[PDB]
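**Student:** Provided herewith is a single structure, encoded as structure tokens, for subsequent inquiry.
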Amino acid sequence: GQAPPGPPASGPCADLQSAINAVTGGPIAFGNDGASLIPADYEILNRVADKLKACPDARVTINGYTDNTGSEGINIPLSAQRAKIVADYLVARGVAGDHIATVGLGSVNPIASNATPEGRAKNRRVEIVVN
């Protein structure tokens with residue numbers, strides 16, 4: 001079952017969005033595909049987790065994106081994998097996994113032109129959104 005998403009005084013909390021955005025400096029830029037993030041990864045994810053634990057009442061939606069040059073449909077599970085990576089780190093840092101939501105939107109909000117692989121590398125980014 002799934003507990004009804006009706007939080008009386010839960011949800012609206014400190015601006016973790018702007019807080020985490022301040023550390024990330026925007027979206028989560030990746031530089032590895034096919035394998036997992038090796039040690040000496042991103043201290044930012046460790047930093048982000050800190051404020052997510054500060055207000056574990058909140059819900060965070062990690063949105064993953066991809067380039068549109070790929071086969072549509074696959075982008076969904078793919079970006080969902082990218083987002084899961086962050087969640088795993090957050091949970092590993094002591095953040096409540098049940099309060100973290102990882103989604104894969106594939107190609108939705110394109111940052112750069114897909115004509116160039118560079119832009120595609122930007123488009124495959126992931127963003128942490130606070131509910």
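We label chains A, B, ... in the order they appear in the structure tokens, count residues from 1 in each chain, and number ligands from 1 in the order shown.
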Which residues are near residue 70 in chain A? Cut-off 12 Å, only C-alpha atoms, ignore same chain within fewer than 2 positions. Put them as a list in words.

**Tutor:**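 So, after excluding close chain neighbours, the residues are residues 65, 66, 67, 68, 72, 73, 74, 75, 76, 78, 79, 106, 107, 114, 117, 120, 123 and 124 of chain A.
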
**Student:** As a compact mmCIF listing (two decimals) with N, CA and C atoms, in the first residue's frame, please: every residue in chain A that a backbone DSSP assignment puts in helix (DSSP H, G or I).

**Tutor:**
# COMPACT_ATOMS: atom_id res chain seq x y z
N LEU A 16 15.39 24.20 0.65
CA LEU A 16 16.44 23.27 0.40
C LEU A 16 16.83 23.32 -1.06
N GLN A 17 15.88 23.71 -1.90
CA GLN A 17 16.11 23.83 -3.33
C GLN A 17 17.22 24.82 -3.61
N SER A 18 17.06 26.04 -3.13
CA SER A 18 18.04 27.06 -3.32
C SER A 18 19.32 26.69 -2.57
N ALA A 19 19.16 25.99 -1.46
CA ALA A 19 20.28 25.54 -0.65
C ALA A 19 21.16 24.57 -1.43
N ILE A 20 20.55 23.52 -1.96
CA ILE A 20 21.28 22.52 -2.71
C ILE A 20 21.78 23.09 -4.04
N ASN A 21 20.94 23.93 -4.66
CA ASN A 21 21.31 24.60 -5.91
C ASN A 21 22.58 25.43 -5.72
N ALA A 22 22.73 25.99 -4.53
CA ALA A 22 23.90 26.79 -4.20
C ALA A 22 25.18 25.94 -4.17
N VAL A 23 25.03 24.67 -3.84
CA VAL A 23 26.17 23.78 -3.77
C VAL A 23 26.43 23.14 -5.11
N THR A 24 25.38 22.65 -5.74
CA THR A 24 25.50 21.99 -7.02
C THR A 24 25.92 22.97 -8.09
N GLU A 43 31.74 15.77 -3.71
CA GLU A 43 31.50 16.16 -2.33
C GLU A 43 30.20 16.94 -2.23
N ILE A 44 29.74 17.46 -3.36
CA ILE A 44 28.52 18.24 -3.43
C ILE A 44 27.33 17.38 -3.01
N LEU A 45 27.32 16.12 -3.46
CA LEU A 45 26.23 15.20 -3.12
C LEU A 45 26.22 14.94 -1.62
N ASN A 46 27.39 14.96 -1.02
CA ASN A 46 27.53 14.75 0.41
C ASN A 46 27.01 15.99 1.14
N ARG A 47 27.29 17.14 0.55
CA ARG A 47 26.87 18.42 1.07
C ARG A 47 25.34 18.56 0.96
N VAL A 48 24.81 18.21 -0.21
CA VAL A 48 23.38 18.26 -0.48
C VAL A 48 22.60 17.43 0.54
N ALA A 49 23.10 16.24 0.81
CA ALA A 49 22.45 15.32 1.72
C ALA A 49 22.29 15.93 3.11
N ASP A 50 23.26 16.75 3.51
CA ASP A 50 23.26 17.39 4.82
C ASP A 50 21.98 18.19 5.08
N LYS A 51 21.55 18.99 4.11
CA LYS A 51 20.35 19.79 4.30
C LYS A 51 19.09 19.01 4.04
N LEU A 52 19.22 17.87 3.40
CA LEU A 52 18.07 17.04 3.15
C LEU A 52 17.72 16.28 4.42
N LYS A 53 18.73 16.06 5.25
CA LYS A 53 18.56 15.42 6.54
C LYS A 53 18.10 16.43 7.58
N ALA A 54 18.36 17.71 7.30
CA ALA A 54 17.97 18.80 8.18
C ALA A 54 16.45 18.92 8.21
N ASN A 75 14.98 6.55 -22.79
CA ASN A 75 15.43 7.72 -22.08
C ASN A 75 14.82 7.78 -20.69
N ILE A 76 13.58 7.30 -20.57
CA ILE A 76 12.88 7.27 -19.30
C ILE A 76 13.66 6.42 -18.25
N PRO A 77 13.80 5.08 -18.46
CA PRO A 77 14.56 4.22 -17.55
C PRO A 77 16.00 4.70 -17.39
N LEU A 78 16.56 5.27 -18.45
CA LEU A 78 17.93 5.76 -18.39
C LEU A 78 18.08 6.92 -17.42
N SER A 79 17.27 7.96 -17.60
CA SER A 79 17.32 9.12 -16.73
C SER A 79 16.92 8.75 -15.31
N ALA A 80 16.08 7.72 -15.18
CA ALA A 80 15.65 7.24 -13.88
C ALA A 80 16.81 6.57 -13.17
N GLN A 81 17.74 6.03 -13.97
CA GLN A 81 18.93 5.40 -13.43
C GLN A 81 19.87 6.47 -12.92
N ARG A 82 20.04 7.52 -13.72
CA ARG A 82 20.89 8.64 -13.37
C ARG A 82 20.44 9.27 -12.04
N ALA A 83 19.13 9.49 -11.91
CA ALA A 83 18.56 10.07 -10.70
C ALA A 83 18.76 9.15 -9.50
N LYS A 84 18.62 7.84 -9.73
CA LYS A 84 18.77 6.85 -8.68
C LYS A 84 20.17 6.91 -8.08
N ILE A 85 21.15 7.20 -8.93
CA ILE A 85 22.54 7.31 -8.50
C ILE A 85 22.68 8.34 -7.38
N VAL A 86 22.03 9.48 -7.55
CA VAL A 86 22.08 10.54 -6.56
C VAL A 86 21.38 10.10 -5.29
N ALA A 87 20.19 9.51 -5.45
CA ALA A 87 19.41 9.04 -4.31
C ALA A 87 20.21 8.06 -3.47
N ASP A 88 20.89 7.14 -4.13
CA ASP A 88 21.71 6.14 -3.44
C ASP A 88 22.76 6.82 -2.58
N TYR A 89 23.32 7.89 -3.11
CA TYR A 89 24.34 8.66 -2.41
C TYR A 89 23.74 9.39 -1.24
N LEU A 90 22.57 9.95 -1.45
CA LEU A 90 21.88 10.69 -0.41
C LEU A 90 21.52 9.75 0.73
N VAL A 91 20.91 8.62 0.38
CA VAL A 91 20.54 7.61 1.37
C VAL A 91 21.79 7.08 2.08
N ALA A 92 22.87 6.92 1.33
CA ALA A 92 24.13 6.46 1.89
C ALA A 92 24.69 7.49 2.87
N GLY A 97 15.56 7.48 2.29
CA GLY A 97 15.26 7.05 0.94
C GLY A 97 13.79 7.10 0.61
N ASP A 98 12.95 6.84 1.60
CA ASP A 98 11.50 6.86 1.42
C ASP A 98 10.98 8.29 1.14
N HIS A 99 11.82 9.27 1.41
CA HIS A 99 11.44 10.66 1.18
C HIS A 99 12.12 11.21 -0.06
N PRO A 117 27.33 16.81 -29.69
CA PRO A 117 27.43 15.87 -28.57
C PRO A 117 27.59 16.59 -27.24
N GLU A 118 28.23 17.75 -27.28
CA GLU A 118 28.41 18.59 -26.11
C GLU A 118 27.09 18.92 -25.47
N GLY A 119 26.16 19.39 -26.28
CA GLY A 119 24.85 19.73 -25.79
C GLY A 119 24.12 18.53 -25.23
N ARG A 120 24.32 17.39 -25.88
CA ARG A 120 23.73 16.13 -25.43
C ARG A 120 24.26 15.76 -24.05
N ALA A 121 25.54 16.07 -23.81
CA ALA A 121 26.17 15.78 -22.53
C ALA A 121 25.56 16.63 -21.43
N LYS A 122 25.11 17.82 -21.80
CA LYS A 122 24.46 18.70 -20.85
C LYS A 122 23.04 18.24 -20.61
N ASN A 123 22.37 17.84 -21.68
CA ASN A 123 20.98 17.39 -21.62
C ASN A 123 20.78 16.13 -20.80

**Student:** Would you compute the distance between CA of residue 58 in chain A and CA of residue 101 in chain A? Give it in Å to one decimal.

**Tutor:**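 Atom-to-atom, CA of residue 58 in chain A and CA of residue 101 in chain A are spaced 11.0 Å apart.
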
**Student:** With DSSP run on the backbone, what are the strand (DSSP E) residues within range 6-79 of chain A? I'd like them as an MDAnalysis selection string.

**Tutor:** chainID A and resid 60:65

**Student:** Output C-alpha atoms of each residue in that selection to a file, as a CSV table (one decimal), in the first residue's frame.

**Tutor:**
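This is the output file again-v9.csv:
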chain,number,residue,atom,x,y,z
A,60,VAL,CA,12.7,15.6,-3.0
A,61,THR,CA,12.2,14.7,-6.6
A,62,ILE,CA,15.3,13.9,-8.5
A,63,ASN,CA,14.6,14.5,-12.1
A,64,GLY,CA,16.8,13.0,-14.7
A,65,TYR,CA,17.2,14.1,-18.3

**Student:** Just the number, please: distance in Å from CA of residue 111 in chain A to CA of residue 59 in chain A, one decimal.

**Tutor:**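 Between these atoms lies a distance of 25.1 Å.
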
**Student:** Using only C-alpha atoms, pick whichever of A:33, A:131, A:39, A:95 has the shortest atom-to-atom distance to residue 5 in chain A.

**Tutor:** A:131

**Student:** Using only C-alpha atoms, find the one residue out of A:2, A:26, A:12, A:125 that sits nearest to residue 105 in chain A.

**Tutor:**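 Residue with the minimum atom-to-atom distance to residue 105 in chain A: A:125.
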
**Student:** Under the rule that only C-alpha atoms are counted, which of A:55, A:40, A:69, A:34 is the nearest residue to residue 14 in chain A?

**Tutor:**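 Closest to residue 14 in chain A of all the choices is A:55.
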
**Student:** Pick out the closest residue to residue 56 in chain A from this set: A:96, A:29, A:35, A:108. Count only C-alpha atoms.

**Tutor:** A:96

**Student:** When you count only C-alpha atoms, which of these residues is closest to residue 10 in chain A: A:103, A:71, A:57, A:115?

**Tutor:**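 Between A:103, A:71, A:57, A:115, the residue approaching residue 10 in chain A most closely is A:57.
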